[PDB]
2 protein chains.
Amino acid sequence: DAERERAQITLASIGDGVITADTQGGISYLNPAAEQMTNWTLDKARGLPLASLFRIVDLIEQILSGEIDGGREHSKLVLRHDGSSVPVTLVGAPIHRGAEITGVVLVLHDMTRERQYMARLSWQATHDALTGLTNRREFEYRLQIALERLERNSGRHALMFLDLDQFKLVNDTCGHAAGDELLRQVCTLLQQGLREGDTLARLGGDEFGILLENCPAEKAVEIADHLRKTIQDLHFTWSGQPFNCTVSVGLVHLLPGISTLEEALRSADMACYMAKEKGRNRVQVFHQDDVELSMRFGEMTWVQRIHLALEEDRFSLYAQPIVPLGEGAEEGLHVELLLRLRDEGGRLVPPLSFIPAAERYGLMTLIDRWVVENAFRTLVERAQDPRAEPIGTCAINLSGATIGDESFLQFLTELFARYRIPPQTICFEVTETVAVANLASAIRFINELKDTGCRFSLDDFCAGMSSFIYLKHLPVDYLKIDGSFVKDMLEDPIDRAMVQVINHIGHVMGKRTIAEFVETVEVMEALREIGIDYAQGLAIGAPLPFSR
Amino acid sequence: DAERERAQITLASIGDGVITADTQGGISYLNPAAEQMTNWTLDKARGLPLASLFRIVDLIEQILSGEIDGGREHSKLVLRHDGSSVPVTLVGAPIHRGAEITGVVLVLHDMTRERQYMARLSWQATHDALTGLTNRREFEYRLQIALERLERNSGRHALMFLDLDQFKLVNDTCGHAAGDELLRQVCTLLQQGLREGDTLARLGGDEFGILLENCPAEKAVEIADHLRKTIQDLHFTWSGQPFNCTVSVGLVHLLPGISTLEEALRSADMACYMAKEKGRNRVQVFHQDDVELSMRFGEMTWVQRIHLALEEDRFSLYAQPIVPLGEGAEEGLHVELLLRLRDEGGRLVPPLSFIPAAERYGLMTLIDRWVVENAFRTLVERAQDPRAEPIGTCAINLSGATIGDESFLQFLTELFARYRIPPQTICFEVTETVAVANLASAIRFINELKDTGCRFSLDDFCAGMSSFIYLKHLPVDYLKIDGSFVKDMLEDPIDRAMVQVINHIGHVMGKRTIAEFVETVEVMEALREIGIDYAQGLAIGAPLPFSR
Ligand SMILES: Nc1nc2c(ncn2[C@@H]2O[C@@H]3COP(=O)(O)O[C@H]4[C@@H](O)[C@H](n5cnc6c(=O)[nH]c(N)nc65)O[C@@H]4COP(=O)(O)O[C@H]3[C@H]2O)c(=O)[nH]1
Ligand SMILES: Nc1nc2c(ncn2[C@@H]2O[C@@H]3COP(=O)(O)O[C@H]4[C@@H](O)[C@H](n5cnc6c(=O)[nH]c(N)nc65)O[C@@H]4COP(=O)(O)O[C@H]3[C@H]2O)c(=O)[nH]1
C-alpha cells in the first residue's frame with residue numbers, strides 16, 4: 001500500500017541508522033541514514049546478505065532473536081569493506097508474526113555525530129541532566145540578571161534554597177536509582193506549584209533553587225510554606241516501601257540594584273541551614289541582624305562543643321576493612337578509618353550530627369589534625385605487639401578545610417617524624433565534590449602529599465564526562481565507586497552499567513577501584529566478575545574499634 | 001496491510017518519541033516512546049488534536065510544513081497538561097503525497113535520557129568525538145599495558161607520532177569544517193594502512209598516534225614510510241580547491257619491561273619535532289645518542305638566535321583593533337598585540353617559524369618579558385602626545401612558560417611601577433589548550449593577576465562540555481571564539497551554531513565574547529545579530545605598527 005510512503009518519510013526523518021534484515025541475512029529496508037553509514041543504496045543492496053556487504057564487529061546477526069540486549073546499547077563498528085570503520089552503539093530486536101520470528105531490526109547510532117549535536121550541548125550546559133531543570137550555571141546567571149536589569153525591575157525578588165531532608169536516606173537505603181526518582185518526583189511537585197516567569201533549579205545534590213522575580217514579601221513566604229506543605233503531603237514509595245518525604249526551605253527577600261549575587265546566595269544558604277538546625281521541615285526567612293545572631297551563637301556553641309569533646313577524649317576511631325577481589329591476592333591489611341564521637345550523656349553520635357555543623361563553623365581542620373594524629377598514635381600502640389596483624393594501608397578522610405589548609409603538610413611532616421609511620425601506609429581520602437569545589441587547591445594538595453610518599457583516593461565518585469574530565473587532573477591512586485550504585489546494582493540495570501563504566505575508565509586512567517556498600521556475597525561476586533579491585537561493606541567487614 | 005506490524009516494531013525499537021499528526025492537528029501515530037513522553041496511549045489519543053491534549057512550547061505544529069528547521073534540532077518542552085514539562089530537542093518534517101502536504105512528523109528526544117546512555121559515555125571517554133579513533137586517555141593506557149604485560153610481550157613495539165603538516169593552513173583558510181574533514185579523511189587513510197592488533201589514535205589537534213605491538217625494527221620503519229607516502233598521495237580538495245596534504249612522522253622502537261611511558265612519549269615527540277625541523281614530510285627514527293644531539297644543538301642554535309634578536313632590537317610589536325558590536329558603544333581603544341621578528345637578512349619572520357622552536361627550547365618566558373615591557377614602553381611613548389588616541393584595552397598573549405613562571409607577577413609589579421601603566425588597561429591572553437595543559441597553574445595565575453587589576457581572555461576557544469567544564473574554574477573576563485568557526489560560519493550550518501553556542505554559554509558564565517577572523521562586513525553583521533560582543537579581523541582592522 002501507499003502507507004509505505006508515510007513510513008519511509010518517518011524513517012528518513014530519524015537520525016539513527018535503521019537496518020531491517022531477514023532471519024538469515026538478506027536486507028529488507030535501509031533508511032538514508034543507514035544507507036550513508038553502510039555505503040550501500042537499498043536499490044542495489046536489497047536481498048543481498050548483511051555479512052556479504054559490510055560487517056558489524058568489535059556472526060552477530062542472530063543473538064538478537066536468540067538471547068542478547070533487549071534495550072541495552074552495545075558498542076560496535078561498521079567495517080565498510082572499503083573505507084574502514086564507523087563507530088556505533090547497537091540496539092537489536094527480533095521482528096515477529098506473533099510467535100514466528102520472520103526477521104531482525106537494528107538501530108545504529110554514529111558516535112561521530114555526537115560532536116555535531118549543538119542544541120543538545122547548549123541545553124546540558126544550562127540544565128541538570130537528571131531533573132531537566134536549570135543548573136547552577138543558568139540559575140546564578142538568571143539571578144545576576146534579576147539583580148542588575150533596568151527593565152522589569154520595579155519590585156523585589158525572592159530566593160529560596162529547598163533541601164530535601166530525606167534524600168541521603170532514600171539514596172543510601174534503596175540505592176541511587178531510588179533517590180534519583182525521589183528527586184525526579186519532587187521536581188514535578190515544585191514545577192506544579194510554580195507560576196510562569198519563575199526559575200526552578202537543582203543547584204546539586206538534595207538542593208533545589210527557586211527564583212521569584214517581582215514578588216511581594218507576604219506572597220513570597222505564602223508560596224514557600226505551600227511548596228513545603230506539598231512536599232510533606234507527597235507520598236513517596238520505592239518498591240512498595242514508603243518514605244517520610246519532606247524539605248528545608250531558606251528564603252531571602254532580594255532587592256534589584258543594592259543586593260549582590262554573592263550576598264544573595266550566602267544569605268539563602270544561612271537561612272536554609274537554619275531551618276535544618278531549627279529541626280528540618282521548616283521555612284526560614286532571612287533577616288540581616290535578628291535571626292542571623294543564630295549563626296554567631298551557633299559558632300560559639302560548636303567552638304565549645306568540639307573543643308570540649310577534644311579535651312574530654314570523647315572522640316574515638318573505628319576501622320573498617322577494604323579487601324582485594326583479586327585472585328589469590330595477599331597484601332597487607334587495608335582499612336578505612338571512621339570517626340565516632342560520644343556525647344556528654346555517653347551516647348554514640350553519628351557523624352551526621354556534628355560533621356556538617358563543624359564544617360559550617362570551620363572546625364574541621366581541628367577534627368582532621370585530631371584524626372591523623374590518633375591514627376598514627378594508634379598505629380604505634382598496635383605495633384608494640386609483635387604477633388599483631390600488620391597494616392599495609394590506612395585510609396583517612398580529609399575535609400576541604402584541610403585541602404585549603406597550607407599548614408597541613410608541615411603538620412604531617414611533624415607527625416611522620418614523631419610517630420615514625422611510613423607515608424606509603426597512609427592513603428588520604430577526598431570526595432570528588434570536595435576536590436571540584438576547590439579544583440586548583442585539590443591538585444596542588446594531592447601532588448604535594450603524593451610526593452611525600454602518601455596515597456590518594458577519590459571517595460563517592462559518580463561517572464559522567466565532567467567527573468572523567470576532573471579525574472584527568474586529580475592524580476589520585478584509587479576510586480571509591482559511590483555505594484548508592486553498589487546498593488541496587490543487581491536490581492536496576494543502569495546502576496550495574498554505572499559501576500561497569502567507573503571500573504573501565506578508572507582502569508584506563510590507571511586507577512585501582514573500590515566498591516563501597518558491598519552488603520552481600522552476591523553483590524561481591526558481581527563486582528569480582530566486573531573486575532573491581534577492592535570491596536568494602538558489611539559482607540566484607542563492619543566497623544570495629546581501632547583507637548582506645 | 002500486515003506490513004504495519006513490521007513498521008510498528010521498527011518505531012517501537014527506536015528510542016526517540018515519534019508523533020505523526022494531520023496537517024490541522026489530529027494524531028495519526030504515536031510510538032511507545034512518544035506515548036510515554038506525552039502521557040497518552042494511541043488507543044485513546046487517535047484523531048484528537050495535538051494542541052488539545054499536551055503542548056510543545058518554550059501554534060508550532062505548522063511552521064514545519066511552512067518554513068523552519070529541515071534537519072536542525074530545536075529545544076522545546078512537552079507540557080504534559082498534568083505532570084508539567086519534559087525537555088526535548090525537536091525535528092519536524094512535512095508528510096507529502098508528491099506535492100500534497102497531507103500531514104506532519106515530529107522526532108522528539110528526551111534530554112533526561114542523555115544521563116542514562118552508558119555505552120556512549122564509556123565510548124566518548126576512550127575515543128575522539130571527531131575521528132572515532134581512540135583518544136590520548138585510551139592510547140597512553142594501551143601503551144602502558146604494552147610496556148608492562150607478561151603475555152604477548154616477546155617482541156619489541158613501535159610508537160609513531162604523525163603530525164599533519166597542513167592542518168592549520170586548511171583550517172585557517174577554509175574554516176573549521178574543512179580541517180575536520182581533512183582529519184576525517186586522513187583517519188580512514190591511516191586506518192586503511194593498519195593491520196589488526198594495531199592502535200590508531202588522535203592525541204589532539206593535527207597529531208595522530210600509532211602503536212605497533214610486537215613489530216621488528218625494519219617492518220616498523222617500512223610501515224611508517226608507507227603511511228607517510230599514502231598521505232602525500234592523498235588528494236585533498238575543499239569546495240574544489242586542492243591542498244598539498246602531507247604528514248611528519250616520529251618513530252620510536254619500544255622495549256617491553258625496560259622502557260617507560262614518559263620516556264616513550266617524550267622520545268616520539270622529539271623525533272617527530274625533528275622531522276618538522278628537517279623540513280617536514282619525513283619519517284624520523286629515534287636514537288638515544290646520535291640524532292638526539294640534534295636537540296642539544298638546536299637548544300644552542302635557538303638560545304643564540306633568540307638572544308641575538310633581543311640585543312639586535314630585531315623584534316617589533318604590532319597592534320590589531322578589537323571593536324564592540326554593541327549598539328552606539330563608545331569605550332576606549334581595544335587592541336590585541338602581535339609580535340613580529342625581522343631575520344638577519346631583513347625579512348619579516350612570521351611567528352610560525354620561531355615561536356614553536358622557542359617554546360620547545362624554553363625561551364618563551366624571555367619573549368613574554370620582552371613583549372610586556374615593550375608594550376608598556378610603547379604606551380608611555382604614545383601617552384607623550386596629548387591628541388593621541390587613548391588605549392582603554394591592550395591584549396597581550398602569555399605562554400604556558402609564563403603561566404608556570406612564579407617570578408612573573410613580581411616582574412609585572414616591577415613593570416607597573418617603572419612604566420605606570422594602569423593594570424586595568426592590560427588584558428593578558430591565554431589559550432584554552434595552554435590553560436588545560438597546566439590547569440591548577442592557570443587558575444592560580446589568572447586569580448593572582450585579576451587581583452592586580454589586570455583582565456583575562458581565553459584565546460582560541462572551542463565549544464564542548466569539557467571546555468565549559470574548564471571555563472567554570474578559569475576566572476577569565478573574555479572568550480575569543482576560534483576564528484576557524486568564524487571563517488566558514490555563513491557556509492556550514494554547524495559552525496554558525498558552534499559560534500551561537502560559545503556566545504550563549506559564554507554570556508551564561510558571565511563572559512564577554514570576541515569573534516576572531518571577522519574578514520567581511522557580512523560575517524560582522526551575522527555575529528552582531530547573534531549578539532557577539534566584539535569583532536576582530538580584516539573587515540575591522542589589520543595589524544599596524546605599535547612599537548618602533
Ligand atoms: N548501608 C551500608 N553502609 C555501610 C556499609 N559498610 C559501611 N557502611 C557505612 O559507610 C560509611 C563509610 O564512610 P564514607 O562513605 O567514606 O563517609 C564518611 C565520611 O564522609 C565522614 N567521616 C567519617 N570520619 C571522618 C573523619 O574522620 N574526617 C572527615 N573529614 N570525615 C569523616 O562521615 C562518613 C562516615 O560515616 P559512618 O557512619 O562511619 O558511615 C560509614 C559506614 O557506617 C554497608 O555495607 N552498608
Ligand atoms: N585569516 C585571517 N587572519 C587574521 C585576520 N585578522 C587577524 N588575523 C591573524 O590572526 C592572528 C591573531 O593572533 P592569535 O590568533 O591570537 O595568535 C597569535 C598567538 O598565538 C601568537 N603570538 C603572537 N604574538 C605573541 C606574543 O607576543 N607572545 C606569545 N606567547 N604569542 C604570540 O602567534 C599568533 C599571531 O600570529 P600572527 O601572524 O600575528 O596572526 C594574527 C593575524 O595575522 C583575518 O581577518 N583573517
# chains A, B, ... in the order shown; residues from 1 in each chain; ligands from 1
$ residues_near_ligand --ligand "ligand 1" --cutoff "7 Å" --atoms "only C-alpha atoms and all ligand atoms" --output "mmCIF file with N, CA, C and O atoms, in the first residue's frame"
data_model
loop_
_atom_site.group_PDB
_atom_site.id
_atom_site.type_symbol
_atom_site.label_atom_id
_atom_site.label_comp_id
_atom_site.auth_asym_id
_atom_site.auth_seq_id
_atom_site.Cartn_x
_atom_site.Cartn_y
_atom_site.Cartn_z
ATOM 1 N N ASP A 172 20.857 6.052 50.179
ATOM 2 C CA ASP A 172 21.672 5.030 50.839
ATOM 3 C C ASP A 172 20.902 3.732 51.082
ATOM 4 O O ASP A 172 21.472 2.667 50.872
ATOM 5 N N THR A 173 19.613 3.821 51.500
ATOM 6 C CA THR A 173 18.729 2.686 51.799
ATOM 7 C C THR A 173 18.331 1.898 50.546
ATOM 8 O O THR A 173 18.571 0.694 50.479
ATOM 9 N N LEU A 337 39.445 4.506 57.989
ATOM 10 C CA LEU A 337 39.184 4.987 59.338
ATOM 11 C C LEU A 337 37.906 5.802 59.395
ATOM 12 O O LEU A 337 37.641 6.634 58.519
ATOM 13 N N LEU A 338 37.099 5.527 60.419
ATOM 14 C CA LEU A 338 35.820 6.182 60.626
ATOM 15 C C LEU A 338 35.768 6.814 62.010
ATOM 16 O O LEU A 338 36.095 6.171 63.012
ATOM 17 N N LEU A 339 35.411 8.092 62.054
ATOM 18 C CA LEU A 339 35.360 8.852 63.295
ATOM 19 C C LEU A 339 34.065 8.593 64.045
ATOM 20 O O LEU A 339 33.011 8.446 63.422
ATOM 21 N N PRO A 350 26.340 9.834 65.619
ATOM 22 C CA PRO A 350 26.793 9.522 64.255
ATOM 23 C C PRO A 350 27.352 10.798 63.589
ATOM 24 O O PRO A 350 26.856 11.903 63.906
ATOM 25 N N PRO A 351 28.369 10.681 62.677
ATOM 26 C CA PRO A 351 28.946 11.886 62.026
ATOM 27 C C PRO A 351 27.940 12.870 61.363
ATOM 28 O O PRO A 351 28.280 14.036 61.169
ATOM 29 N N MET A 364 36.725 21.850 61.114
ATOM 30 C CA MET A 364 37.139 20.573 60.538
ATOM 31 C C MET A 364 38.635 20.340 60.496
ATOM 32 O O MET A 364 39.061 19.192 60.614
ATOM 33 N N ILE A 367 39.419 18.662 63.707
ATOM 34 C CA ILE A 367 38.989 17.269 63.726
ATOM 35 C C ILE A 367 39.927 16.403 62.860
ATOM 36 O O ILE A 367 40.256 15.287 63.267
ATOM 37 N N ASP A 368 40.422 16.948 61.728
ATOM 38 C CA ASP A 368 41.337 16.233 60.844
ATOM 39 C C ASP A 368 42.709 16.067 61.471
ATOM 40 O O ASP A 368 43.257 14.962 61.460
ATOM 41 N N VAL A 371 42.173 13.429 64.105
ATOM 42 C CA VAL A 371 42.058 12.102 63.470
ATOM 43 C C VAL A 371 43.436 11.546 63.027
ATOM 44 O O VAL A 371 43.811 10.462 63.487
ATOM 45 N N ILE A 396 42.415 7.652 55.472
ATOM 46 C CA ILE A 396 41.933 8.723 56.358
ATOM 47 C C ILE A 396 41.260 9.827 55.513
ATOM 48 O O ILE A 396 41.878 10.350 54.588
ATOM 49 N N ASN A 397 40.006 10.175 55.845
ATOM 50 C CA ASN A 397 39.224 11.215 55.160
ATOM 51 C C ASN A 397 39.659 12.665 55.538
ATOM 52 O O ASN A 397 39.802 13.002 56.729
ATOM 53 N N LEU A 398 39.858 13.513 54.504
ATOM 54 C CA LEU A 398 40.226 14.921 54.663
ATOM 55 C C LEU A 398 39.131 15.843 54.110
ATOM 56 O O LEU A 398 38.579 15.581 53.040
ATOM 57 N N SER A 399 38.813 16.909 54.857
ATOM 58 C CA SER A 399 37.821 17.916 54.502
ATOM 59 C C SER A 399 38.435 18.978 53.560
ATOM 60 O O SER A 399 39.663 19.104 53.497
ATOM 61 N N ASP A 459 36.893 9.495 46.944
ATOM 62 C CA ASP A 459 35.711 8.994 47.641
ATOM 63 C C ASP A 459 34.419 9.492 46.972
ATOM 64 O O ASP A 459 34.425 10.586 46.400
ATOM 65 N N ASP A 460 33.321 8.681 47.024
ATOM 66 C CA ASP A 460 31.989 8.994 46.461
ATOM 67 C C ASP A 460 32.058 9.551 45.022
ATOM 68 O O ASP A 460 31.747 10.720 44.779
ATOM 69 N N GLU A 516 32.106 0.601 47.456
ATOM 70 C CA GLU A 516 31.568 0.891 48.792
ATOM 71 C C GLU A 516 30.263 0.056 48.971
ATOM 72 O O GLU A 516 29.777 -0.502 47.991
ATOM 73 N N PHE A 517 29.683 -0.005 50.195
ATOM 74 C CA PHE A 517 28.397 -0.664 50.482
ATOM 75 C C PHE A 517 28.218 -2.066 49.870
ATOM 76 O O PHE A 517 27.165 -2.329 49.290
ATOM 77 N N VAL A 518 29.240 -2.950 49.970
ATOM 78 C CA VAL A 518 29.178 -4.346 49.474
ATOM 79 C C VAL A 518 28.569 -5.174 50.618
ATOM 80 O O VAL A 518 29.293 -5.784 51.415
ATOM 81 N N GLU A 519 27.225 -5.115 50.731
ATOM 82 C CA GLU A 519 26.412 -5.745 51.779
ATOM 83 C C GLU A 519 26.227 -7.251 51.675
ATOM 84 O O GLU A 519 26.033 -7.889 52.705
ATOM 85 N N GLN A 536 34.434 -3.038 49.916
ATOM 86 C CA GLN A 536 34.232 -2.528 51.261
ATOM 87 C C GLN A 536 32.725 -2.609 51.542
ATOM 88 O O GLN A 536 31.914 -2.197 50.707
ATOM 89 N N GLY A 537 32.359 -3.145 52.699
ATOM 90 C CA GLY A 537 30.952 -3.264 53.078
ATOM 91 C C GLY A 537 30.706 -4.233 54.211
ATOM 92 O O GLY A 537 31.656 -4.795 54.772
ATOM 93 N N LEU A 538 29.427 -4.437 54.554
ATOM 94 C CA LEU A 538 29.019 -5.335 55.649
ATOM 95 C C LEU A 538 29.346 -6.813 55.406
ATOM 96 O O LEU A 538 29.601 -7.527 56.375
ATOM 97 N N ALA A 539 29.342 -7.265 54.132
ATOM 98 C CA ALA A 539 29.675 -8.641 53.766
ATOM 99 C C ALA A 539 31.176 -8.884 53.947
ATOM 100 O O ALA A 539 31.576 -10.019 54.244
ATOM 101 N N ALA A 542 32.421 -5.108 59.085
ATOM 102 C CA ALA A 542 31.778 -3.938 59.681
ATOM 103 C C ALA A 542 32.794 -3.120 60.473
ATOM 104 O O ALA A 542 33.820 -3.676 60.887
ATOM 105 N N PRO A 543 32.540 -1.813 60.726
ATOM 106 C CA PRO A 543 33.498 -1.034 61.535
ATOM 107 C C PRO A 543 33.652 -1.573 62.965
ATOM 108 O O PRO A 543 32.666 -1.784 63.677
#
$ select_by_dssp --residues "segment 295-502 of chain B" --states "strand (DSSP E)" --output "ChimeraX atom specification"
/B:315-324,333-342,348-349,391-397,426-431,455-461,478-481
$ residues_around --residues "segment 37-42 of chain A" --least-positions-apart "4" --cutoff "10 Å" --atoms "only C-alpha atoms" --output "PyMOL selection string"
chain A and resi 16-19+27-33+46-48+53-56+78-83+85-88+108-110
$ write_last_selection --atoms "N, CA, C and O atoms" --output "compact mmCIF listing (two decimals), in the first residue's frame"
# COMPACT_ATOMS: atom_id res chain seq x y z
N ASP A 16 19.13 8.17 13.36
CA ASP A 16 19.81 6.88 13.51
C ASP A 16 19.60 5.90 12.35
O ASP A 16 18.52 5.85 11.76
N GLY A 17 20.65 5.13 12.07
CA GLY A 17 20.68 4.10 11.05
C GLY A 17 19.72 2.97 11.37
O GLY A 17 19.71 2.44 12.48
N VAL A 18 18.86 2.63 10.41
CA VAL A 18 17.85 1.59 10.57
C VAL A 18 18.02 0.53 9.49
O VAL A 18 17.73 0.78 8.32
N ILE A 19 18.50 -0.64 9.91
CA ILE A 19 18.69 -1.80 9.05
C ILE A 19 17.65 -2.84 9.46
O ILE A 19 17.54 -3.19 10.63
N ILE A 27 18.91 -8.12 3.20
CA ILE A 27 18.40 -6.81 3.61
C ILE A 27 16.99 -6.55 3.08
O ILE A 27 16.74 -6.75 1.90
N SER A 28 16.08 -6.12 3.98
CA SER A 28 14.68 -5.78 3.68
C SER A 28 14.52 -4.26 3.49
O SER A 28 13.92 -3.82 2.51
N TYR A 29 15.06 -3.45 4.43
CA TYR A 29 15.00 -1.99 4.40
C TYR A 29 16.29 -1.36 4.92
O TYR A 29 17.02 -1.97 5.69
N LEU A 30 16.56 -0.12 4.47
CA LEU A 30 17.69 0.73 4.87
C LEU A 30 17.23 2.17 4.78
O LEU A 30 16.90 2.64 3.68
N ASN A 31 17.19 2.89 5.92
CA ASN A 31 16.82 4.31 5.89
C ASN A 31 18.02 5.11 5.31
O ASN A 31 19.12 4.54 5.31
N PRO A 32 17.85 6.34 4.77
CA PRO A 32 19.01 7.05 4.19
C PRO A 32 20.20 7.19 5.14
O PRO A 32 21.34 7.11 4.68
N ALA A 33 19.94 7.32 6.46
CA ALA A 33 20.97 7.40 7.50
C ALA A 33 21.79 6.09 7.59
O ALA A 33 23.01 6.16 7.78
N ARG A 46 19.20 -4.63 -1.67
CA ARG A 46 18.04 -5.42 -1.25
C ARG A 46 18.14 -6.91 -1.57
O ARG A 46 18.36 -7.29 -2.72
N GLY A 47 17.96 -7.72 -0.54
CA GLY A 47 18.01 -9.17 -0.64
C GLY A 47 19.39 -9.77 -0.46
O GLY A 47 19.50 -10.97 -0.16
N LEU A 48 20.44 -8.96 -0.65
CA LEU A 48 21.82 -9.40 -0.50
C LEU A 48 22.12 -9.57 0.99
O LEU A 48 21.63 -8.77 1.78
N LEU A 53 28.27 -7.87 2.51
CA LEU A 53 28.25 -6.48 2.04
C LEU A 53 29.27 -5.72 2.90
O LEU A 53 30.40 -5.49 2.46
N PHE A 54 28.87 -5.37 4.15
CA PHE A 54 29.62 -4.67 5.21
C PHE A 54 29.71 -5.61 6.43
O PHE A 54 29.14 -6.70 6.39
N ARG A 55 30.36 -5.18 7.51
CA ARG A 55 30.44 -6.04 8.70
C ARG A 55 30.32 -5.28 10.04
O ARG A 55 31.02 -4.29 10.25
N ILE A 56 29.45 -5.77 10.94
CA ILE A 56 29.23 -5.21 12.27
C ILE A 56 30.07 -6.06 13.26
O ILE A 56 29.67 -7.18 13.58
N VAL A 78 31.07 -0.56 12.22
CA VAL A 78 30.60 -0.97 10.91
C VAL A 78 31.81 -0.88 10.00
O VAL A 78 32.25 0.22 9.66
N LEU A 79 32.41 -2.04 9.68
CA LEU A 79 33.55 -2.13 8.78
C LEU A 79 32.97 -2.06 7.37
O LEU A 79 32.35 -3.02 6.90
N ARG A 80 33.09 -0.87 6.74
CA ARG A 80 32.53 -0.51 5.44
C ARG A 80 32.89 -1.45 4.28
O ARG A 80 32.14 -1.49 3.31
N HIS A 81 34.02 -2.20 4.41
CA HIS A 81 34.60 -3.18 3.46
C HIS A 81 35.47 -2.46 2.38
O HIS A 81 36.13 -3.11 1.57
N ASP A 82 35.51 -1.12 2.45
CA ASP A 82 36.30 -0.25 1.57
C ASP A 82 36.96 0.88 2.39
O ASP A 82 38.19 0.92 2.50
N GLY A 83 36.13 1.74 3.00
CA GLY A 83 36.57 2.87 3.81
C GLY A 83 36.45 2.66 5.30
O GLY A 83 35.79 3.45 5.99
N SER A 85 36.12 1.49 9.41
CA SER A 85 35.06 1.54 10.42
C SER A 85 34.30 2.86 10.60
O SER A 85 34.78 3.94 10.24
N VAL A 86 33.09 2.74 11.20
CA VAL A 86 32.14 3.78 11.61
C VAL A 86 31.74 3.37 13.05
O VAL A 86 31.10 2.33 13.20
N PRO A 87 32.12 4.10 14.11
CA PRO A 87 31.77 3.65 15.47
C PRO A 87 30.30 3.84 15.82
O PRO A 87 29.76 4.94 15.69
N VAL A 88 29.65 2.76 16.23
CA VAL A 88 28.22 2.76 16.52
C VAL A 88 27.87 2.10 17.85
O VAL A 88 28.67 1.34 18.41
N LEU A 108 21.22 1.72 14.73
CA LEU A 108 22.63 2.14 14.79
C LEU A 108 22.82 3.64 15.00
O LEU A 108 22.24 4.45 14.26
N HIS A 109 23.64 4.02 15.99
CA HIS A 109 23.93 5.42 16.28
C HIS A 109 25.41 5.77 16.07
O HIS A 109 26.26 5.28 16.82
N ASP A 110 25.71 6.63 15.06
CA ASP A 110 27.06 7.10 14.72
C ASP A 110 27.64 7.95 15.85
O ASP A 110 27.15 9.06 16.09
$ closest_residue --among "B:5, B:522, B:488, B:336" --to "ligand 2" --atoms "only C-alpha atoms and all ligand atoms"
B:336
$ select_by_dssp --residues "segment 287-532 of chain B" --states "alpha helix (DSSP H)" --output "PyMOL selection string"
chain B and resi 293-311+351-360+364-383+400-404+408-419+432-437+439-450+465-473+483-487+493-508+521-530
$ closest_residue --among "B:383, B:50, B:147, B:532" --to "residue 257 of chain B" --atoms "only C-alpha atoms"
B:147
$ residues_around --residues "residue 411 of chain A" --least-positions-apart "4" --cutoff "12 Å" --atoms "only C-alpha atoms" --output "PyMOL selection string"
chain A and resi 365-366+368-370+372-373+402+405-407+415-418+449
$ write_last_selection --atoms "N, CA and C atoms" --output "short mmCIF file (atom, residue, chain, number, x, y, z; two decimals), in the first residue's frame"
data_model
loop_
_atom_site.label_atom_id
_atom_site.label_comp_id
_atom_site.auth_asym_id
_atom_site.auth_seq_id
_atom_site.Cartn_x
_atom_site.Cartn_y
_atom_site.Cartn_z
N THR A 365 39.43 21.41 60.31
CA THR A 365 40.90 21.33 60.28
C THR A 365 41.36 20.70 61.57
N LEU A 366 40.69 21.08 62.67
CA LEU A 366 40.87 20.60 64.03
C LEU A 366 40.63 19.10 64.12
N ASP A 368 40.42 16.95 61.73
CA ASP A 368 41.34 16.23 60.84
C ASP A 368 42.71 16.07 61.47
N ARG A 369 43.23 17.15 62.09
CA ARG A 369 44.50 17.13 62.80
C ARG A 369 44.40 16.16 63.99
N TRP A 370 43.20 16.06 64.63
CA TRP A 370 42.94 15.12 65.72
C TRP A 370 42.94 13.70 65.19
N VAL A 372 44.18 12.30 62.16
CA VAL A 372 45.50 11.92 61.64
C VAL A 372 46.49 11.59 62.78
N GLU A 373 46.54 12.43 63.83
CA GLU A 373 47.43 12.20 64.97
C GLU A 373 47.07 10.92 65.71
N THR A 402 41.06 21.16 55.17
CA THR A 402 42.41 20.61 55.19
C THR A 402 43.09 20.79 53.82
N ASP A 405 43.98 24.25 53.73
CA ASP A 405 44.99 24.46 54.78
C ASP A 405 46.44 24.22 54.28
N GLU A 406 47.18 25.34 54.18
CA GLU A 406 48.58 25.42 53.77
C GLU A 406 49.54 24.88 54.87
N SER A 407 49.12 24.93 56.15
CA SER A 407 49.93 24.46 57.27
C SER A 407 49.85 22.95 57.52
N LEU A 415 54.11 14.94 62.14
CA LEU A 415 53.51 13.68 62.60
C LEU A 415 54.33 12.45 62.20
N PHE A 416 54.89 12.47 60.97
CA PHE A 416 55.73 11.41 60.42
C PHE A 416 57.03 11.25 61.20
N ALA A 417 57.58 12.37 61.71
CA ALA A 417 58.81 12.37 62.48
C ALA A 417 58.54 11.78 63.86
N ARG A 418 57.52 12.31 64.55
CA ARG A 418 57.08 11.97 65.90
C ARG A 418 56.63 10.50 66.07
N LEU A 449 51.42 15.86 48.66
CA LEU A 449 51.26 14.70 49.53
C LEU A 449 51.74 13.41 48.85
#
$ atom_distance --atom1 "atom CA of residue 190 of chain A" --atom2 "atom CA of residue 227 of chain A"
6.3 Å
$ interface_residues --of "chain B" --to "chain A" --cutoff "6 Å" --atoms "only C-alpha atoms" --output "PyMOL selection string"
chain B and resi 112+115+122+129-130+132+141+440+501+508
$ write_last_selection --atoms "N, CA and C atoms" --output "short mmCIF file (atom, residue, chain, number, x, y, z; two decimals), in the first residue's frame"
data_model
loop_
_atom_site.label_atom_id
_atom_site.label_comp_id
_atom_site.auth_asym_id
_atom_site.auth_seq_id
_atom_site.Cartn_x
_atom_site.Cartn_y
_atom_site.Cartn_z
N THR B 112 16.45 14.18 29.42
CA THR B 112 16.63 13.47 30.69
C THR B 112 17.34 12.11 30.44
N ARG B 115 21.53 11.23 30.28
CA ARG B 115 22.18 10.82 31.51
C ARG B 115 22.32 9.29 31.59
N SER B 122 31.04 5.65 28.09
CA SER B 122 32.22 4.79 28.13
C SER B 122 33.06 4.96 26.84
N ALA B 129 35.77 12.17 19.60
CA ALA B 129 34.45 12.52 19.08
C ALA B 129 34.42 12.75 17.59
N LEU B 130 35.47 13.39 17.02
CA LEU B 130 35.53 13.71 15.59
C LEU B 130 35.94 12.55 14.70
N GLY B 132 36.63 9.24 15.73
CA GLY B 132 36.10 7.96 16.18
C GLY B 132 37.19 7.01 16.63
N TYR B 141 47.05 4.42 28.00
CA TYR B 141 46.67 3.22 28.73
C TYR B 141 47.12 1.99 27.96
N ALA B 440 45.78 23.57 37.25
CA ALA B 440 45.96 24.17 38.57
C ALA B 440 46.70 25.51 38.48
N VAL B 501 26.56 28.75 20.21
CA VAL B 501 26.71 28.06 21.49
C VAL B 501 27.74 28.79 22.39
N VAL B 508 26.25 33.20 29.79
CA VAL B 508 25.74 32.48 30.97
C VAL B 508 26.84 32.41 32.07
#
